[PDB]
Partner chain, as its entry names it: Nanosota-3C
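Quick setup: one chain, the form deposited without the partner chain, written in C-alpha cells, and binding and motion questions come after.
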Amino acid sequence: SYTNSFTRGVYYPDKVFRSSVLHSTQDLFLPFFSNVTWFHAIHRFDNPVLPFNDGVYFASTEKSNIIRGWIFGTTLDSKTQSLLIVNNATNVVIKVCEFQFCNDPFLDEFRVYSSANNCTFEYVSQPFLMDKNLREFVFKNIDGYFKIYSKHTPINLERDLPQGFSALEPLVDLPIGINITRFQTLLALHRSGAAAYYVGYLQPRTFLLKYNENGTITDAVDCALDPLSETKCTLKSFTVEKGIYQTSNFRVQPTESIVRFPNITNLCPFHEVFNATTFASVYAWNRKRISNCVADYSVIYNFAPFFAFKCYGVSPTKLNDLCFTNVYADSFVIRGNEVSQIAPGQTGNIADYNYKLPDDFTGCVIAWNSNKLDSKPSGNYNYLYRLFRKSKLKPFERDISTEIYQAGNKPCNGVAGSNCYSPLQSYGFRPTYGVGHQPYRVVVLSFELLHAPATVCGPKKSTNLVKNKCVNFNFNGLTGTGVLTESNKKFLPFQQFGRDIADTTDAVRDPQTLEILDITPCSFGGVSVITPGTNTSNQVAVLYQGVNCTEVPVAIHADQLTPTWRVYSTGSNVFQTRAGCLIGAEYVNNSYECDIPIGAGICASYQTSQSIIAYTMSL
C-alpha cells in the first residue's frame, strides 16, 4: 500500500544546543509529501525484507505491543552482525550478534534467530523502546554511530498520519557501523492478530530547521518541494515577502562528495629544518625549496609549541586542507629584541640590512628560544649579522658580500679604522642576558601557489571519481558543486583577462590522473520564483530565463524530482515572454496597474478564486 507522509520525519541533526536560530543542514532526511509503504500484517507475513538505502522512518499506529522491535542485517546468513532490538516488559536488549534469522520472524521466547557464536557490543539499556499513539522512529547509520530517534505522540481519532509537525527527540548513539543494506520489521503474536506500519526511506537533502527560545523545533522545509520551498531555503526565513526572488541549485540535491586531493603518500621531512645541528646566520639564510610532499602541519604545532606562532595570510589552523605548489623554508637565528621585526611591513635592523619579508606574504614565521643549546661560556661568536650597509635590500634577497664597507673619503683597503668599519658584527650570546638578548631560532615558511600542478598537498583522504552525477567536488581546493562530465578540451583554460570577478569555474583537472573534467550546473537557467507572500496564500510561479517553453524540461533535468514540481515545470498553462517562459499563471488580456515585475515589463500579482495571473505593462 502507498500513502503520503504529511511533513513528518524531521529530527535534530546534531547535539549542539541551538535556540532562536535557523540552521541549514545537509544531512539525511525524509522528503515532505513522499511515498511511504503502508505494510499491513495478517495471521505469517505480507512482505519480504525491505532494502535499507540510507535510513528508515518507521511509524506504527497499533497497540498492545504487537510490533515488538526491529531486525537489521546485510544478508542475515553467517556474514555480518545483525542489529536486533526487542522491547521486553520493562527492559530492552540491543544485542548486535551473529544471528541466523530464519523465515519465521516471530517472538511469542526467542525464535527470531537460530544461534549466536561471535557476539559484538551488546547494550543492556533499561528504558524500553516501546512507550492510540504514533510511534515515530528514525534509524540511520553514519558509519560509526547508529542514530535512533523517537517521538511518542497521541494519535487523533480515526486517522493514520496526523497533520502536524513533531520533531523526534534524539536518543543514545549506539556504536555500530558494520555494513547494513536491508531492514525488516519484527512482529509478535500471542497464539500462533493484525498490525500495520509505515516505512519510509531517507535521502540526502538540505533542511532549514528553526529552533525557538525554549530549544524546540516547530516547523521545517524540505528544500526539494515546490519552488516556494527553495525560496524558503535561500533567504533563511519562513515568511517569504510578496515579491519575485531567486534560488540556488537545490533541485538535483547532490548526494556525494568527491575529494581526490592528494597523489602521493611520502611524508615531508619538515623535521629537517626545525631541529638542525647549526642554524644559518642572519646574513646568509639557507633557503630550502620543497615540492612533491605532503603538507602535514600536524607535526609543527605538536612539537613542544614555540613562541609567537603568527601565521599571516592564511589561518594558523586548518592548514592540512589548503594545498600549495611549493614550500620555501628559511631558517636563521637572531636576538630576542627583534624577533617581531621579521613580519610584513615591519622595519628595523634585521628588516633593512638582512632577510626581509615581502608586502604580500602568505607564509608563517615561527621562532623559539635557544638559550640552552646556542649558548657558550663566553658567548657564541659564529653567528653574524649585517648592521653597516647603504643599500636597502629588497624582499627575498641575500647579500654574502664580505667586502669592507666604504664609509670614508679615502679607500680603507681593509684596515677598518677611522670612519670605516665592517658590515658584519659578532654579537655574543652570553647566558647572563635579558629577554631582549636571548638567541631565538626563527623559521619562515613561504607557500607558493602558482598556476602549476600542485604537488605538496594536505593529508586529506582520496575519494572515488563519480562522474555524470551531481556531486560536491573539492579536487584541489576548488570547493564547488556540479556535474562532472568528460570533456574534449585540449588544455585547461586560465581565465585571467577580465580578472574574473563575477565568474565561476568551468573545468578542472583531477590531481591523480590527468583528465580535464568539465563542470556543468546541475539545475539552472535563471530560475526565479514569484511569491505573493506566505501570509496571503501558498501558490507560486516559476520563471526560466533563457528557454522557449520547450527546453525547460531538459535544462533542469526534470527526471528525478518531486511530483509537486512537475506541475510548475511542464506544459501546464505556459506563457512565452521576451525574458523566458512563465509557468504557473494565466496571461489575461486586460489592463491593470503594475505589480511584482516578473521580467521585461511584465507585471503580475495575486488576485481574482484568486490565482496567480500575469499581464503586460499598462502604459
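Residue numbers count along the first chain shown, from 1.
What follows is about the form solved in complex with the partner chain, which we do not show.
In terms of contact with the partner chain in the deposited complex, the residue from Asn156, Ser114, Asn371, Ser426 that brings a heavy atom within 4.5 Å is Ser426.
Scanning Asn91, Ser257, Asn382, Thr347 against the partner chain in the deposited complex with a 4.5 Å heavy atom cut-off leaves one residue, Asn382.
Remark: of stretches 227-235, 285-293, 133-141, 194-202, the one touching the partner chain in the deposited complex is 285-293 (heavy atom within 4.5 Å). At a distance threshold of 4.5 angstroms between non-hydrogen atoms, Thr278 is in contact with the partner chain in the deposited complex.
Taking the partner from the other structure, the partner chain in the deposited complex has a heavy atom within 4.5 Å of a heavy atom of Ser422. Contact annotation for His152: none of its heavy atoms lies within 4.5 Å of the partner chain in the deposited complex. By the criterion of a heavy atom within 4.5 Å, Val124 is excluded from the residues contacting the partner chain in the deposited complex.
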